[PDB]
Amino acid sequence: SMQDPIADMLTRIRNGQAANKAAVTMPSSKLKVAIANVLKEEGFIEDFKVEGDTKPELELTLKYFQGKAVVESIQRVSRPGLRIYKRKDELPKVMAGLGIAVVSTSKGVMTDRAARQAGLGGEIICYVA
Amino acid sequence: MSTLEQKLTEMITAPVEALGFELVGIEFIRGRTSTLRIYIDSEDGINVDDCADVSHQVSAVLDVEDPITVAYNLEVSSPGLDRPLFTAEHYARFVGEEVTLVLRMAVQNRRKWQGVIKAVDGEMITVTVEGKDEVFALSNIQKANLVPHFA
Amino acid sequence: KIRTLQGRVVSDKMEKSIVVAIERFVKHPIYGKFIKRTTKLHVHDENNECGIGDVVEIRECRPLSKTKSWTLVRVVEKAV
Amino acid sequence: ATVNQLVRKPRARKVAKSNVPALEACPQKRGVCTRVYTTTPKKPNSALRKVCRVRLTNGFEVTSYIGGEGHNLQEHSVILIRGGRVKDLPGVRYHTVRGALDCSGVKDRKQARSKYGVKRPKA
RNA sequence: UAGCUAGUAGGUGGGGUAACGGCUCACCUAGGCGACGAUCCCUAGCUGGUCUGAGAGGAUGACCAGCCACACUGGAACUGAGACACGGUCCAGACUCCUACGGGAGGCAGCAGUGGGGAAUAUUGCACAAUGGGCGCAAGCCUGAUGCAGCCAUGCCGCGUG
RNA sequence: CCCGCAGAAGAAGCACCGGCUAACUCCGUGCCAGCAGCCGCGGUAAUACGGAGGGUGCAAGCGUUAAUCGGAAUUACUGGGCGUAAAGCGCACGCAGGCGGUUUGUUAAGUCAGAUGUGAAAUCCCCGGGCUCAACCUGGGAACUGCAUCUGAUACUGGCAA
RNA sequence: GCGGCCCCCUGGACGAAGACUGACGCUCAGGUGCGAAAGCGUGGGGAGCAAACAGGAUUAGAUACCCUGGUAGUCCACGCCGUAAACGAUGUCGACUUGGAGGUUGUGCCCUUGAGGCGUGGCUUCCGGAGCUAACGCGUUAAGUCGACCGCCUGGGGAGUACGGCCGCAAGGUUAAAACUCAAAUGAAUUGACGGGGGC
RNA sequence: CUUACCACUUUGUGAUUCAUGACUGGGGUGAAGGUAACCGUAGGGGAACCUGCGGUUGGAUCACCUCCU
Ligand SMILES: [Mg+2]
Ligand SMILES: [Mg+2]
Ligand SMILES: [Mg+2]
Ligand SMILES: [Mg+2]
Ligand SMILES: [Mg+2]
Ligand SMILES: [Mg+2]
Ligand SMILES: [Mg+2]
Ligand SMILES: [Mg+2]
Ligand SMILES: [Mg+2]
Ligand SMILES: [Mg+2]
Ligand SMILES: [Mg+2]
Ligand SMILES: [Mg+2]
Ligand SMILES: [Mg+2]
Ligand SMILES: [Mg+2]
Ligand SMILES: [Mg+2]
Ligand SMILES: [Mg+2]
Ligand SMILES: [Mg+2]
Ligand SMILES: [Mg+2]
Ligand SMILES: [Mg+2]
Ligand SMILES: [Mg+2]
Ligand SMILES: [Mg+2]
Ligand SMILES: [Mg+2]
Ligand SMILES: [Mg+2]
Ligand SMILES: [Mg+2]
Ligand SMILES: [Mg+2]
Ligand SMILES: [Mg+2]
Ligand SMILES: [Mg+2]
Ligand SMILES: [Mg+2]
Ligand SMILES: [Mg+2]
């Protein structure tokens, strides 16, 4: 059965923007919108929105620059199979800092660059260049 | 069966006694890497350099008279400490030395024994195994090797 | 304030004793999958009070048997 | 595969045995020759593969290749073998060391004298 | 190598110990332990570290430092703060040795050294001047610890052979 | 350690030169042999065998062997595979196990943050100091990624409740 | 694996439309169960077929090749075996991602309905896009992009062998070596010889 | 002087092994023809091969003479 929403959220983006779609939808959840907004709040996605009452639908707007997908590689690192946590000093880098890593710090889910400024360690959700 | 081994022995007897050396140890075994072993009993000393002179001499005669069903895999060989002795001349010289002898038609209490030579006969050898000197008929014995005392 | 440790009781058959399986969950040395590791700790239970399968808090004391070096401070749940 | 399998059974480090057992990790192992013999290559080539039969000190009886020429060895010679093997002849995984105390060093060698004990010519 | 276990898992009582305790007894109970690998066989002193590797790792435990165990083999205690005691005791054994043949003596895995083994590894040195340790008020005495030397291209580093 | 003395005077070798890999000719040589870590080398011409010249490499050493790691992503945690190259059980059910939708509350176990304690010295590493340099020795630090405890934080995982 | 007709017993799938419970799920070592053919046990039974066997035809020699026989077997009952190129040579579950062609079983709508037009399901076949792949190919039924879990591989031979264990009446099965041996073995495709063929 | 303990020992009784070594399971072993390949099994039997049943497509063999940027 399905055993991970985030992975399915990610691939839906990956396979989504793979098909060069405009906007891909999936059932919403806190972590997701929490995740999803950080992209836009970083510039990875155009925009997102939640639709329906008593039913969770997340519709986020992708983006293309010069006919090329704005995101190119997105890898869920912490998996339901094996969990991953990293101390603040040890928060990784993506493409020498060109990429962003989503880390669920205790205070809030946020970018690893902000987490290093906040001096806080967290579960590495996923990677994105 | 002797694969013309006596004929081969006559063919290789002329070279071995030609450079003067002394012939013992004719053997051949076909199969993967089929090979024959020829032993030179050099009293002076069986150096591979002395063997080298005999080996070129025996190969040169051998190619014209190539043996039937025998490949060109000769082993010009020093008869080691465990040299195998078949003739009564050996046991004659090998006066009081031990030897391990195995025979063709194996039977209960066959002469497969290892012991010291005490007497020598043309078709029979007396060798001390079982704690007593006993008669051995080399007629049925197809394999027998002189043994040095070791650990 | 005091070192104390909580475990579930595997067995209470022992007279005035209990067998407690305590669970500790760890990062794994090579890989990193957190796997449960359990110890069959022998524990002194006075009154033969506890019951098999109960959850219970335990503190260590001077050794008391060949295998029991721990005694129970109190029980957390009950009525298993 | 899945780590859950590895924690059930981890990656066995592929074992690898040594190619020179009669040495037992000693870089050289003396032994007494037992019978020397040359053997003939097959029909197309004529040659004298010079190898000898030697029991090691530790009872490991094996054959050792005899490199060079002018060696005066024969049965009971007490020589010293070392690692290395010859690709052409099977069953030979050891070669003696030229210039061993029993061995007489190859004479008339003016090059590669360290591989035969041929001392610097007095000149 | 899948079962393992009867002082065995626990309890009472006594004894026992510097002290806890099946430490041991008496009894009481019939448990405990194992696929989170018991049990068994086989291998191995362990660690700081060393080597390798970009790393993770892998291999390693020579020297120096920490810990352990062992002192002909087996067994035992005695004394003492501390020993079941390397140059202490007793018994058994093997071996070596002495003998008057009746009995005795012995323990280099201290330092040298011999034999042997082996591919292979050194001097039967000097000094207690220094640091240490013992005993002693001290003086001082003792110290194959240690300080030094000898041996060896074994290694590293340096230099020359213009 | 310094000063004096005389005089180039007492002091260079091993390996390699077909390819991999830096460095080539000449005669031998006749598959005789040799050479070999391998692929391969060798006959009338052999830059691969022997010798000479010449050259490369190192150097008081140079080689060979052993041996461990590397190269080896060749047990792939980092970091492999499984249509046909090795590799999906004949198929299913199912315990243990592993994993788990969504919302709120609680918990604080995971986790993170901090703090304290500890993590022997040496070793490593940084910054030094001392041996004429260097090795070596040494000061200080860093580091010792761990462990334990206290304080925390609550996103996630877990637990508990709905 | 399943093939006349009919009845009796019963399992599973699918659709429409709700209503219902409330994460009750997924995977599966061990574990049970099923499991082509052949074979085994006991009893059957007995047409056709047919190992073996029997005979006829035919060379050192009939042998093989062919006939003509023909037993076991093939079938039934109940046991036992548990292996097959048991293969889609592709574990199970989920989600996502261009198309065209089909078959097949539903079912909504609407033409006047048959038809026909619109739909909308399940199963299934075939091309082929991106993709991936060593290539061949695969390509919404992925060998694509992901997830969860299990099984499994580590040069070739030796060898699925030996031993041991376990199962079976056996036959055997399963579990699974090493010594030694080799510098390969292998996968796809590339170009040419086959061909002496086949056609022009 | 005696009791308990217990080294060594001895007796048998076994097992586990370690060798030596007499003996035995087995990798290599000194023509008439009809030809897709295979798998499971049975029988013929020196074995192989063929046959019996059932299943699969994986429904072809072979290959040797040089360059500097
Ligand atoms: Mg010659
Ligand atoms: Mg008591
Ligand atoms: Mg040590
Ligand atoms: Mg040492
Ligand atoms: Mg005392
Ligand atoms: Mg003492
Ligand atoms: Mg002593
Ligand atoms: Mg000594
Ligand atoms: Mg010696
Ligand atoms: Mg003294
Ligand atoms: Mg020196
Ligand atoms: Mg050379
Ligand atoms: Mg590796
Ligand atoms: Mg691979
Ligand atoms: Mg195949
Ligand atoms: Mg395969
Ligand atoms: Mg389960
Ligand atoms: Mg769970
Ligand atoms: Mg969840
Ligand atoms: Mg330190
Ligand atoms: Mg230091
Ligand atoms: Mg300085
Ligand atoms: Mg929660
Ligand atoms: Mg049948
Ligand atoms: Mg036939
Ligand atoms: Mg039947
Ligand atoms: Mg099978
Ligand atoms: Mg798939
Ligand atoms: Mg089928």
# chains A, B, ... in the order shown; residues from 1 in each chain; ligands from 1
$ residues_near_ligand --ligand "ligand 8" --cutoff "8 Å" --atoms "only C-alpha atoms (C1' of nucleotides) and all ligand atoms" --output "JSON, numbers by chain"
{"E": [108, 110, 111, 112, 113]}
$ select_by_dssp --residues "region 42-110 of chain D" --states "strand (DSSP E or B)" --output "PDB file with N, CA and C atoms, in the first residue's frame"
ATOM      1  N   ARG D  49      62.309 -27.336 -19.499  1.00  0.00           N
ATOM      2  CA  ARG D  49      61.795 -26.653 -18.285  1.00  0.00           C
ATOM      3  C   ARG D  49      62.524 -27.268 -17.088  1.00  0.00           C
ATOM      4  N   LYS D  50      63.451 -26.524 -16.482  1.00  0.00           N
ATOM      5  CA  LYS D  50      64.268 -27.089 -15.375  1.00  0.00           C
ATOM      6  C   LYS D  50      63.535 -26.863 -14.054  1.00  0.00           C
ATOM      7  N   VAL D  51      62.938 -27.916 -13.482  1.00  0.00           N
ATOM      8  CA  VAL D  51      62.278 -27.786 -12.193  1.00  0.00           C
ATOM      9  C   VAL D  51      62.691 -28.959 -11.327  1.00  0.00           C
ATOM     10  N   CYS D  52      62.693 -28.745 -10.018  1.00  0.00           N
ATOM     11  CA  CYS D  52      63.098 -29.792  -9.100  1.00  0.00           C
ATOM     12  C   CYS D  52      62.056 -30.010  -8.022  1.00  0.00           C
ATOM     13  N   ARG D  53      62.095 -31.210  -7.465  1.00  0.00           N
ATOM     14  CA  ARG D  53      61.167 -31.650  -6.440  1.00  0.00           C
ATOM     15  C   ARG D  53      61.832 -31.487  -5.085  1.00  0.00           C
ATOM     16  N   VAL D  54      61.178 -30.763  -4.188  1.00  0.00           N
ATOM     17  CA  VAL D  54      61.783 -30.390  -2.920  1.00  0.00           C
ATOM     18  C   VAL D  54      60.767 -30.546  -1.805  1.00  0.00           C
ATOM     19  N   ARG D  55      61.171 -31.193  -0.725  1.00  0.00           N
ATOM     20  CA  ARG D  55      60.384 -31.165   0.490  1.00  0.00           C
ATOM     21  C   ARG D  55      60.788 -29.955   1.305  1.00  0.00           C
ATOM     22  N   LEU D  56      59.803 -29.188   1.738  1.00  0.00           N
ATOM     23  CA  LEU D  56      60.105 -28.057   2.583  1.00  0.00           C
ATOM     24  C   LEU D  56      60.504 -28.529   3.969  1.00  0.00           C
ATOM     25  N   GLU D  61      55.936 -30.846   0.643  1.00  0.00           N
ATOM     26  CA  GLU D  61      56.745 -31.268  -0.482  1.00  0.00           C
ATOM     27  C   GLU D  61      56.145 -30.678  -1.746  1.00  0.00           C
ATOM     28  N   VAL D  62      56.956 -29.960  -2.511  1.00  0.00           N
ATOM     29  CA  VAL D  62      56.494 -29.288  -3.714  1.00  0.00           C
ATOM     30  C   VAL D  62      57.641 -29.253  -4.714  1.00  0.00           C
ATOM     31  N   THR D  63      57.364 -28.715  -5.912  1.00  0.00           N
ATOM     32  CA  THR D  63      58.421 -28.541  -6.945  1.00  0.00           C
ATOM     33  C   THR D  63      58.809 -27.060  -7.025  1.00  0.00           C
ATOM     34  N   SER D  64      60.078 -26.770  -7.328  1.00  0.00           N
ATOM     35  CA  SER D  64      60.533 -25.363  -7.484  1.00  0.00           C
ATOM     36  C   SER D  64      61.264 -25.185  -8.819  1.00  0.00           C
ATOM     37  N   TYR D  65      60.969 -24.103  -9.543  1.00  0.00           N
ATOM     38  CA  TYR D  65      61.613 -23.835 -10.857  1.00  0.00           C
ATOM     39  C   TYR D  65      63.099 -23.508 -10.667  1.00  0.00           C
ATOM     40  N   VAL D  78      70.347 -28.605  -0.682  1.00  0.00           N
ATOM     41  CA  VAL D  78      69.521 -27.929   0.307  1.00  0.00           C
ATOM     42  C   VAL D  78      69.377 -26.453  -0.038  1.00  0.00           C
ATOM     43  N   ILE D  79      68.315 -26.131  -0.766  1.00  0.00           N
ATOM     44  CA  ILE D  79      68.195 -24.852  -1.440  1.00  0.00           C
ATOM     45  C   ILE D  79      67.139 -23.995  -0.775  1.00  0.00           C
ATOM     46  N   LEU D  80      66.958 -22.792  -1.295  1.00  0.00           N
ATOM     47  CA  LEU D  80      66.051 -21.821  -0.715  1.00  0.00           C
ATOM     48  C   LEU D  80      65.156 -21.281  -1.814  1.00  0.00           C
ATOM     49  N   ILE D  81      63.847 -21.401  -1.625  1.00  0.00           N
ATOM     50  CA  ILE D  81      62.877 -20.970  -2.614  1.00  0.00           C
ATOM     51  C   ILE D  81      62.199 -19.704  -2.119  1.00  0.00           C
ATOM     52  N   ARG D  82      61.487 -19.046  -3.022  1.00  0.00           N
ATOM     53  CA  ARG D  82      60.871 -17.775  -2.706  1.00  0.00           C
ATOM     54  C   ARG D  82      59.613 -17.624  -3.532  1.00  0.00           C
ATOM     55  N   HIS D  95      59.933 -20.328  -6.939  1.00  0.00           N
ATOM     56  CA  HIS D  95      61.235 -20.382  -7.656  1.00  0.00           C
ATOM     57  C   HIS D  95      62.346 -20.292  -6.609  1.00  0.00           C
ATOM     58  N   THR D  96      63.459 -21.004  -6.802  1.00  0.00           N
ATOM     59  CA  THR D  96      64.557 -20.878  -5.870  1.00  0.00           C
ATOM     60  C   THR D  96      65.201 -19.516  -6.023  1.00  0.00           C
TER      61      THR D  96
END
$ residues_near_ligand --ligand "ligand 21" --cutoff "10 Å" --atoms "only C-alpha atoms (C1' of nucleotides) and all ligand atoms" --output "PyMOL selection string"
chain F and resi 121-124+137-139
$ write_last_selection --atoms "C-alpha atoms (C1' of nucleotides)" --output "PDB file, in the first residue's frame"
ATOM      1  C1'   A F 121      49.600  10.586  28.741  1.00  0.00           C
ATOM      2  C1'   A F 122      51.805   9.845  24.364  1.00  0.00           C
ATOM      3  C1'   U F 123      50.357   9.548  19.316  1.00  0.00           C
ATOM      4  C1'   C F 124      47.619  12.700  15.140  1.00  0.00           C
ATOM      5  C1'   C F 137      62.543  16.533  21.322  1.00  0.00           C
ATOM      6  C1'   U F 138      59.334  19.939  23.429  1.00  0.00           C
ATOM      7  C1'   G F 139      55.309  24.293  24.923  1.00  0.00           C
TER       8        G F 139
END
$ residues_near_ligand --ligand "ligand 11" --cutoff "10 Å" --atoms "only C-alpha atoms (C1' of nucleotides) and all ligand atoms" --output "list in words"
residues 153, 154, 155, 156 and 157 of chain E; 60 of chain F
$ write_last_selection --atoms "C-alpha atoms (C1' of nucleotides)" --output "PDB file, in the first residue's frame"
ATOM      1  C1'   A E 153      72.180  -0.122   6.095  1.00  0.00           C
ATOM      2  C1'   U E 154      66.780  -2.726  10.230  1.00  0.00           C
ATOM      3  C1'   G E 155      64.357   2.141   9.438  1.00  0.00           C
ATOM      4  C1'   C E 156      64.082   7.520   9.329  1.00  0.00           C
ATOM      5  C1'   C E 157      66.705  12.084   8.785  1.00  0.00           C
TER       6        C E 157
ATOM      7  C1'   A F  60      74.636   4.328  -0.021  1.00  0.00           C
TER       8        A F  60
END
$ closest_residue --among "D:123, D:47, D:1, D:112" --to "ligand 1" --atoms "only C-alpha atoms and all ligand atoms"
D:47
$ residues_around --residues "residue 65 (chain B)" --least-positions-apart "5" --cutoff "12 Å" --atoms "only C-alpha atoms (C1' of nucleotides)" --output "PyMOL selection string"
chain B and resi 4+7-12+58-60+70+72
$ select_by_dssp --residues "chain B" --states "helix (DSSP H, G or I)" --output "count of residues only"
37
$ residues_around --residues "residue 96 (chain G)" --least-positions-apart "3" --cutoff "8 Å" --atoms "only C-alpha atoms (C1' of nucleotides)" --output "list in words"
residues 8, 11, 12, 15 and 16 of chain A; 145 and 146 of chain G
$ residues_near_ligand --ligand "ligand 9" --cutoff "12 Å" --atoms "only C-alpha atoms (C1' of nucleotides) and all ligand atoms" --output "MDAnalysis selection string"
(chainID D and resid 30 57) or (chainID E and resid 115:120)
$ write_last_selection --atoms "N, CA, C and O atoms (P, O5', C5', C4', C3', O3' and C1' of nucleotides)" --output "PDB file, in the first residue's frame"
ATOM      1  N   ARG D  30      63.557 -22.381   3.050  1.00  0.00           N
ATOM      2  CA  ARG D  30      64.522 -23.361   2.576  1.00  0.00           C
ATOM      3  C   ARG D  30      63.873 -24.730   2.447  1.00  0.00           C
ATOM      4  O   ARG D  30      62.852 -25.004   3.077  1.00  0.00           O
ATOM      5  N   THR D  57      61.087 -27.609   4.734  1.00  0.00           N
ATOM      6  CA  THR D  57      61.365 -27.897   6.131  1.00  0.00           C
ATOM      7  C   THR D  57      60.109 -28.367   6.838  1.00  0.00           C
ATOM      8  O   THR D  57      60.145 -29.315   7.626  1.00  0.00           O
TER       9      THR D  57
ATOM     10  P     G E 115      75.405 -22.134  20.320  1.00  0.00           P
ATOM     11  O5'   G E 115      74.511 -23.444  20.366  1.00  0.00           O
ATOM     12  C5'   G E 115      75.041 -24.650  20.880  1.00  0.00           C
ATOM     13  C4'   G E 115      73.946 -25.598  21.273  1.00  0.00           C
ATOM     14  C3'   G E 115      72.838 -25.777  20.259  1.00  0.00           C
ATOM     15  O3'   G E 115      73.188 -26.650  19.209  1.00  0.00           O
ATOM     16  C1'   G E 115      71.896 -25.476  22.390  1.00  0.00           C
ATOM     17  P     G E 116      72.868 -26.219  17.704  1.00  0.00           P
ATOM     18  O5'   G E 116      71.326 -26.552  17.540  1.00  0.00           O
ATOM     19  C5'   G E 116      70.814 -27.816  17.918  1.00  0.00           C
ATOM     20  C4'   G E 116      69.335 -27.742  18.169  1.00  0.00           C
ATOM     21  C3'   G E 116      68.522 -27.124  17.054  1.00  0.00           C
ATOM     22  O3'   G E 116      68.218 -28.052  16.040  1.00  0.00           O
ATOM     23  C1'   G E 116      67.889 -26.172  19.106  1.00  0.00           C
ATOM     24  P     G E 117      68.058 -27.554  14.531  1.00  0.00           P
ATOM     25  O5'   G E 117      66.687 -26.768  14.541  1.00  0.00           O
ATOM     26  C5'   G E 117      65.494 -27.428  14.905  1.00  0.00           C
ATOM     27  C4'   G E 117      64.380 -26.438  15.031  1.00  0.00           C
ATOM     28  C3'   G E 117      64.291 -25.436  13.911  1.00  0.00           C
ATOM     29  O3'   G E 117      63.730 -25.974  12.735  1.00  0.00           O
ATOM     30  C1'   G E 117      64.103 -24.308  15.942  1.00  0.00           C
ATOM     31  P     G E 118      64.648 -26.121  11.433  1.00  0.00           P
ATOM     32  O5'   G E 118      64.337 -24.798  10.621  1.00  0.00           O
ATOM     33  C5'   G E 118      62.999 -24.385  10.429  1.00  0.00           C
ATOM     34  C4'   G E 118      62.864 -22.902  10.610  1.00  0.00           C
ATOM     35  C3'   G E 118      63.689 -22.060   9.665  1.00  0.00           C
ATOM     36  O3'   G E 118      63.096 -21.892   8.401  1.00  0.00           O
ATOM     37  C1'   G E 118      64.046 -21.314  11.841  1.00  0.00           C
ATOM     38  P     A E 119      63.999 -22.137   7.115  1.00  0.00           P
ATOM     39  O5'   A E 119      63.955 -20.765   6.330  1.00  0.00           O
ATOM     40  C5'   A E 119      64.920 -20.493   5.336  1.00  0.00           C
ATOM     41  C4'   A E 119      65.349 -19.058   5.387  1.00  0.00           C
ATOM     42  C3'   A E 119      65.777 -18.561   6.746  1.00  0.00           C
ATOM     43  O3'   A E 119      67.124 -18.872   7.011  1.00  0.00           O
ATOM     44  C1'   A E 119      64.253 -17.043   5.807  1.00  0.00           C
ATOM     45  P     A E 120      67.656 -19.090   8.519  1.00  0.00           P
ATOM     46  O5'   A E 120      67.590 -17.630   9.155  1.00  0.00           O
ATOM     47  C5'   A E 120      68.490 -16.587   8.732  1.00  0.00           C
ATOM     48  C4'   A E 120      68.025 -15.252   9.265  1.00  0.00           C
ATOM     49  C3'   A E 120      68.036 -15.121  10.786  1.00  0.00           C
ATOM     50  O3'   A E 120      69.259 -14.509  11.179  1.00  0.00           O
ATOM     51  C1'   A E 120      65.913 -14.465   9.913  1.00  0.00           C
TER      52        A E 120
END
$ residues_around --residues "residue 147 (chain B)" --least-positions-apart "5" --cutoff "7 Å" --atoms "only C-alpha atoms (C1' of nucleotides)" --output "list in words"
residues 81, 82, 98, 99 and 100 of chain B
$ closest_atom_pairs --of "chain F" --to "ligand 12" --cutoff "12 Å" --atoms "only C-alpha atoms (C1' of nucleotides) and all ligand atoms" --output "tab-separated table"
residue	atom	partner	partner_atom_place_in_ligand_line	distance
F:15	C1'	ligand 12	1 (Mg)	10.2
F:16	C1'	ligand 12	1 (Mg)	8.6
F:17	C1'	ligand 12	1 (Mg)	10.5
F:34	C1'	ligand 12	1 (Mg)	10.2
F:35	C1'	ligand 12	1 (Mg)	6.4
F:36	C1'	ligand 12	1 (Mg)	7.9
F:41	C1'	ligand 12	1 (Mg)	11.7
F:48	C1'	ligand 12	1 (Mg)	8.6
F:49	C1'	ligand 12	1 (Mg)	8.6
F:50	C1'	ligand 12	1 (Mg)	10.5
$ residues_near_ligand --ligand "ligand 15" --cutoff "10 Å" --atoms "only C-alpha atoms (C1' of nucleotides) and all ligand atoms" --output "PDB file with N, CA, C and O atoms (P, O5', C5', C4', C3', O3' and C1' of nucleotides), in the first residue's frame"
ATOM      1  P     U F  84      16.948 -13.210 -17.082  1.00  0.00           P
ATOM      2  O5'   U F  84      17.911 -13.674 -18.250  1.00  0.00           O
ATOM      3  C5'   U F  84      17.503 -14.669 -19.169  1.00  0.00           C
ATOM      4  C4'   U F  84      18.108 -14.397 -20.510  1.00  0.00           C
ATOM      5  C3'   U F  84      19.600 -14.166 -20.491  1.00  0.00           C
ATOM      6  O3'   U F  84      20.323 -15.378 -20.549  1.00  0.00           O
ATOM      7  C1'   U F  84      18.532 -12.501 -21.790  1.00  0.00           C
ATOM      8  P     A F  85      21.072 -15.960 -19.260  1.00  0.00           P
ATOM      9  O5'   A F  85      22.520 -15.322 -19.337  1.00  0.00           O
ATOM     10  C5'   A F  85      22.695 -13.918 -19.351  1.00  0.00           C
ATOM     11  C4'   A F  85      24.149 -13.557 -19.290  1.00  0.00           C
ATOM     12  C3'   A F  85      24.802 -13.657 -17.933  1.00  0.00           C
ATOM     13  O3'   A F  85      25.177 -14.986 -17.640  1.00  0.00           O
ATOM     14  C1'   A F  85      25.494 -11.678 -19.053  1.00  0.00           C
TER      15        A F  85
ATOM     16  P     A G  89       9.516 -15.214 -21.565  1.00  0.00           P
ATOM     17  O5'   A G  89      10.694 -15.596 -20.581  1.00  0.00           O
ATOM     18  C5'   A G  89      11.045 -14.721 -19.523  1.00  0.00           C
ATOM     19  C4'   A G  89      11.329 -15.484 -18.261  1.00  0.00           C
ATOM     20  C3'   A G  89      12.172 -14.725 -17.259  1.00  0.00           C
ATOM     21  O3'   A G  89      11.910 -15.229 -15.951  1.00  0.00           O
ATOM     22  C1'   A G  89      13.406 -16.558 -18.106  1.00  0.00           C
ATOM     23  P     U G 186      31.611 -19.175 -23.279  1.00  0.00           P
ATOM     24  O5'   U G 186      30.618 -18.026 -22.810  1.00  0.00           O
ATOM     25  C5'   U G 186      29.506 -18.340 -21.991  1.00  0.00           C
ATOM     26  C4'   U G 186      28.882 -17.110 -21.397  1.00  0.00           C
ATOM     27  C3'   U G 186      28.149 -16.198 -22.356  1.00  0.00           C
ATOM     28  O3'   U G 186      26.854 -16.675 -22.659  1.00  0.00           O
ATOM     29  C1'   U G 186      29.455 -14.931 -20.843  1.00  0.00           C
ATOM     30  P     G G 187      26.144 -16.289 -24.043  1.00  0.00           P
ATOM     31  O5'   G G 187      25.665 -14.792 -23.828  1.00  0.00           O
ATOM     32  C5'   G G 187      24.552 -14.513 -23.003  1.00  0.00           C
ATOM     33  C4'   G G 187      24.371 -13.036 -22.817  1.00  0.00           C
ATOM     34  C3'   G G 187      24.087 -12.243 -24.069  1.00  0.00           C
ATOM     35  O3'   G G 187      22.737 -12.320 -24.460  1.00  0.00           O
ATOM     36  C1'   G G 187      25.752 -11.159 -22.831  1.00  0.00           C
TER      37        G G 187
ATOM     38  P     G H  58      12.231 -16.921 -28.177  1.00  0.00           P
ATOM     39  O5'   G H  58      13.689 -16.604 -27.643  1.00  0.00           O
ATOM     40  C5'   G H  58      14.224 -17.314 -26.539  1.00  0.00           C
ATOM     41  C4'   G H  58      15.498 -18.016 -26.913  1.00  0.00           C
ATOM     42  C3'   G H  58      15.319 -19.301 -27.710  1.00  0.00           C
ATOM     43  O3'   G H  58      16.465 -19.470 -28.534  1.00  0.00           O
ATOM     44  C1'   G H  58      16.447 -19.781 -25.731  1.00  0.00           C
TER      45        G H  58
END
$ atom_distance --atom1 "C1' of residue 119 (chain G)" --atom2 "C1' of residue 97 (chain G)"
24.8 Å
$ residues_around --residues "region 66-80 of chain F" --least-positions-apart "4" --cutoff "9 Å" --atoms "only C-alpha atoms (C1' of nucleotides)" --output "PDB file with C-alpha atoms (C1' of nucleotides), in the first residue's frame"
ATOM      1  CA  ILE C  30      26.997   0.981  10.081  1.00  0.00           C
ATOM      2  CA  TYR C  31      23.697   1.774   8.431  1.00  0.00           C
ATOM      3  CA  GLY C  32      21.570   4.033  10.584  1.00  0.00           C
TER       4      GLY C  32
ATOM      5  CA  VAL D   3      19.219  -2.391   4.918  1.00  0.00           C
ATOM      6  CA  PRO D  10      25.582  -7.862   6.544  1.00  0.00           C
ATOM      7  CA  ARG D  11      27.921  -7.731   3.580  1.00  0.00           C
ATOM      8  CA  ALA D  12      30.267 -10.677   3.946  1.00  0.00           C
ATOM      9  CA  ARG D  13      33.768  -9.506   3.093  1.00  0.00           C
ATOM     10  CA  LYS D  14      34.820 -11.732   0.212  1.00  0.00           C
ATOM     11  CA  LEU D  23      55.511 -20.289   2.161  1.00  0.00           C
ATOM     12  CA  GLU D  24      53.314 -19.623   5.201  1.00  0.00           C
ATOM     13  CA  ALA D  25      54.036 -15.907   4.855  1.00  0.00           C
ATOM     14  CA  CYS D  26      57.731 -16.372   5.396  1.00  0.00           C
ATOM     15  CA  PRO D  27      59.325 -14.489   2.492  1.00  0.00           C
ATOM     16  CA  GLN D  28      61.706 -17.401   1.930  1.00  0.00           C
ATOM     17  CA  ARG D  82      60.871 -17.775  -2.706  1.00  0.00           C
ATOM     18  CA  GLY D  83      57.572 -16.388  -4.025  1.00  0.00           C
TER      19      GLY D  83
ATOM     20  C1'   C E  51      48.916   0.702   8.571  1.00  0.00           C
ATOM     21  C1'   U E  52      46.060   1.658   4.427  1.00  0.00           C
ATOM     22  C1'   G E  53      42.212   4.791   2.385  1.00  0.00           C
ATOM     23  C1'   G E  55      36.398   9.444   3.128  1.00  0.00           C
ATOM     24  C1'   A E  56      33.611   5.651   5.130  1.00  0.00           C
ATOM     25  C1'   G E  58      39.662  -2.229   5.900  1.00  0.00           C
ATOM     26  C1'   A E  59      43.905  -4.603   8.310  1.00  0.00           C
ATOM     27  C1'   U E  60      46.479  -4.548  12.646  1.00  0.00           C
TER      28        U E  60
ATOM     29  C1'   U G 154      29.312 -12.198  -6.544  1.00  0.00           C
TER      30        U G 154
END
